[PDB]
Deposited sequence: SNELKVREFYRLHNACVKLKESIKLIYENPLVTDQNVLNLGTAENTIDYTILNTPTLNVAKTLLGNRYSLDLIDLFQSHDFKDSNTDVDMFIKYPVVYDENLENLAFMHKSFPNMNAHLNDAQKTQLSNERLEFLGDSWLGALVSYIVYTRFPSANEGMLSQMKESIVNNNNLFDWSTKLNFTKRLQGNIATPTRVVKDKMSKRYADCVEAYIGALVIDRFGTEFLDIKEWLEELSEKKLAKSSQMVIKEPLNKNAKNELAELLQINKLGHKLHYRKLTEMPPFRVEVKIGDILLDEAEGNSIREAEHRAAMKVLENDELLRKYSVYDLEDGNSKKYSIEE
C-alpha cells in the first residue's frame, strides 16, 4: 500500500520521462515543422503524398499546432521536472519493480528436484528471470561501454564488460545491495555455492526490471526479429 504508492510513482514518473522525450522529438521533427527542410511535396511519385497523409503526420501536426494552448516541453520545465532524480528516491535503495509478485519471484531460489506441477514451478523459481536478466545485463553493460568508450576496440569493450558481469563482481553487487537481508528466511546460513545463488538474484532482479519496463522503444526491432524467427519458434517441440 505504501509499497504500492512508491511502485506506481515510478511507473508514472518513467512514463512522464518517456512522454517528455517523445514530445520533444515530435515538436522538432523536420517532417513536422513548417520550414519543411526536407522538401515534402517535392517527390515525383506518391511517396510524399503517402507520408503527408499518414496518421503519424496528422497526429504530429495537430500536436505541434496545439502548443499555444499547452506546450508540453514548457509544462515539464514549469514544474522543474527532473528525469533522473525525484523526492521519492530517499525511500528506495535501487530501481523499483512495478509488480510486487515479479519482484518476489526474483529472489525465489530454484529448488533442485510432489507436490506442484512443473508449469507452476516455473512461477516459483527465479531461473527464467535470471535467464532474461543475464541477457539484459549483458546488453545494457555493452551499451554502457560502447557509448562510454567511443575509441575502444572490441577486445577492450569485451574485457571491460567481462570484468563487470562475471559472477564474482555480481556477488560484490549483491553484497552492496544488501541482497542478504532479502534472503533471510527460516533457515540460517552459517562460500562457493552461496556466492553463485546471490549472483543469480542480481540477474533475476534485472530480469524483473526489464519485464516491467519493456514497452515500445525497441518494439519494431523485437517484432522484426520475431517475424524472422517464426519458423524456428514454431518448432516449440521442446516445450
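Missing from the model relative to the deposited sequence are positions 114 to 116, 194 to 197, 247 to 341 (no C-alpha coordinates, numbering from 1).
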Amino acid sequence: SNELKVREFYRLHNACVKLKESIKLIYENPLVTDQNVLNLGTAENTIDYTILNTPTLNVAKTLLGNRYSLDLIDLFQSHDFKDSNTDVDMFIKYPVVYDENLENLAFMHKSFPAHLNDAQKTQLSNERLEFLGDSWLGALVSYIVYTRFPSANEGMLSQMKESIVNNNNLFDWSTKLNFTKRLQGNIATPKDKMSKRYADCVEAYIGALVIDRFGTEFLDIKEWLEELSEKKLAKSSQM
From here on, numbers count along this sequence of modelled residues.
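Stretches compared: 139 to 147, 103 to 111. Higher mean C-alpha B-factor in the entry: 103 to 111. Between 41 to 49 and 170 to 178, it is 170 to 178 that carries the larger average Cα temperature factor according to the deposited entry.
Taking only the listed residues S84, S158, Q123, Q77, the entry reports the highest CA temperature factor at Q123.
As recorded in the PDB entry, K196 shows the highest C-alpha B-factor of the residues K61, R213, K196, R67. Ranked within its chain, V6 lands in the lowest third, by CA B factor from the PDB record. Among the modelled residues of the chain, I187 sits in the highest third by CA temperature factor in this PDB entry. Annotation for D34: C-alpha temperature factor in the highest third relative to the rest of the modelled chain, per the entry. Among the modelled residues of its chain, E162 has a C-alpha B-factor that falls in the highest third according to the deposited record. Placement of the Cα temperature factor of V88 within the chain: middle third of the modelled residues, per the deposited record.
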